[PDB]
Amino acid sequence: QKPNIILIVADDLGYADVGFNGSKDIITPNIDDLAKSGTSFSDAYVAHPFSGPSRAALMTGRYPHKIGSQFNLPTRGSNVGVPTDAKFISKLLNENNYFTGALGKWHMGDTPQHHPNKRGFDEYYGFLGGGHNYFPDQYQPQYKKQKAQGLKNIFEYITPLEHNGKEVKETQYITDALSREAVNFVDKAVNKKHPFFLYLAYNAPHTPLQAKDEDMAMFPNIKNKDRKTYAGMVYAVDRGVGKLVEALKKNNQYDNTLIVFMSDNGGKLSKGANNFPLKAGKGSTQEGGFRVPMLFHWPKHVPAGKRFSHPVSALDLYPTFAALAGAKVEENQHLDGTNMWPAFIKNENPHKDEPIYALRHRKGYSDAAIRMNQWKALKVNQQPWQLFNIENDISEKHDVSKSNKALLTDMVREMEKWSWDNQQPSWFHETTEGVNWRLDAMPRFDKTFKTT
């Protein structure tokens, strides 16, 4: 019996904003249940410190730089997306007999060939862009007004949600709507004589900061307005996870389902998040930007009550899911992660003596990160490379590059070696960003990989 698989991804969820990863103010009982009876991950890294490229990496199992997807898609819409020649984990599972669903945020291409239904998902219910307004009673009138005015380029956050290409009129708070459709999906899966894969991509707690009064009422001792709204938004996700878990139990799916819960990137401190004890947040190559909460839950397979301390990459989920599903991986797919399960089961480092990378572009330069065993190499703000023993110095306070010159230089040269098959970006999130890229002769890797 092949297991069902559920990948739950929250959007801009801060490192300290779920109870199992150290939250003292936001309360996440249903998510914490999964942690307490499963394994959480203290050194879990996404492939990029923001949404689009991170999500591309999750789906393809490749660093987004390898497939021209290093930037978020154009904010006002486009006819491009994550390239079709990189087989999504969903398509691979669908080809090995899985019933497949995707819910909520896509952020990987609007067009027919980039649509969830052509990337291997039998079901899709959600919004295709970078986010969405949370209240239908707020957004539907705005959209109606603009459509009646003849406007064709409407802010994607107020546009109707869809189900398999057909527009719907959603009635509920979006987090709750997506949770309801998660229940509907796993309910539909009972009647199929097949295992299922569900990709549940919540837009919470991403902007705009919009919560239900009923969820905000549960945090009366949180005085800061943004933090209370944010706390409410996260609580809605927790309620949703509970509702999904309950449906899995009723359907007798729970015991044979691997649930993964994570964030797509680090939390944004100016929009209510907390990343303690990590430095900085969303978009950074500091730990706060791409080190995220993660838990696995699968009874009698994932040990209960444990805390896994070795590095794990979002890139690992593609080959790890494939191995558990009995799906063959071809070498021409160029997967950048590893099947982490053998090493996971022995409590060993699945990236022993192997680097994990982050490379985020800016105007005329790039910030970078290398995580390798106990070492974190850091390139930020055009300053020289820094080195931290991240196991003793999680907050990146003590640069020890002066005492380890050869090691750091070696780590950077390996990243330079790794960079040669990075593709030129196929798009940018804004027109001026792409113009500046060309004006500045990017990538300026002569600056990025300069050593000592």
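Numbering starts at 1 and runs along the sequence shown.
A.B. asks: With respect to the recorded C-alpha B factors, which stretch has the higher mean value, 362 to 370 or 193 to 201?
C.D. replies: Here the higher of the two C-alpha B-factor means belongs to 193 to 201.
A.B. asks: Of 400 to 408 and 414 to 422, which one has the bigger average CA B-factor?
C.D. replies: Stretch with the greater average CA B-factor: 400 to 408.
A.B. asks: Report the option among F276, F296, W375, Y98 whose CA atom has the maximum B-factor in the deposited record.
C.D. replies: Answer for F276, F296, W375, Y98: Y98, with the highest C-alpha B-factor.
A.B. asks: When you compare the CA B-factors of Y357, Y318, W106, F155 as listed in the entry, which one comes out on top?
C.D. replies: In this record, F155 carries the highest C-alpha B-factor of the candidates.
A.B. asks: Compared with the other modelled residues in the chain, in which third is the CA B-factor of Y235?
C.D. replies: Middle third, going by the recorded CA B-factors of the chain.
A.B. asks: Within this chain, which third does the Cα B-factor at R291 fall in: lowest, middle or highest?
C.D. replies: Ranked within chain, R291 CA B lands in the lowest tercile.
A.B. asks: Looking at the C-alpha B-factor of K36, is it in the lowest, middle or highest third of its chain?
C.D. replies: It falls in the top third of the chain.
A.B. asks: Would you mind checking where the Cα B-factor of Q210 ranks among the modelled residues of its chain, as the lowest, middle or highest third?
C.D. replies: For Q210, whose C-alpha B-factor we compare with every modelled residue in the chain, the answer is the middle third.
A.B. asks: Lowest, middle or highest third of the chain for the C-alpha temperature factor of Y143?
C.D. replies: For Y143, the deposited C-alpha B-factor lands in the highest third.
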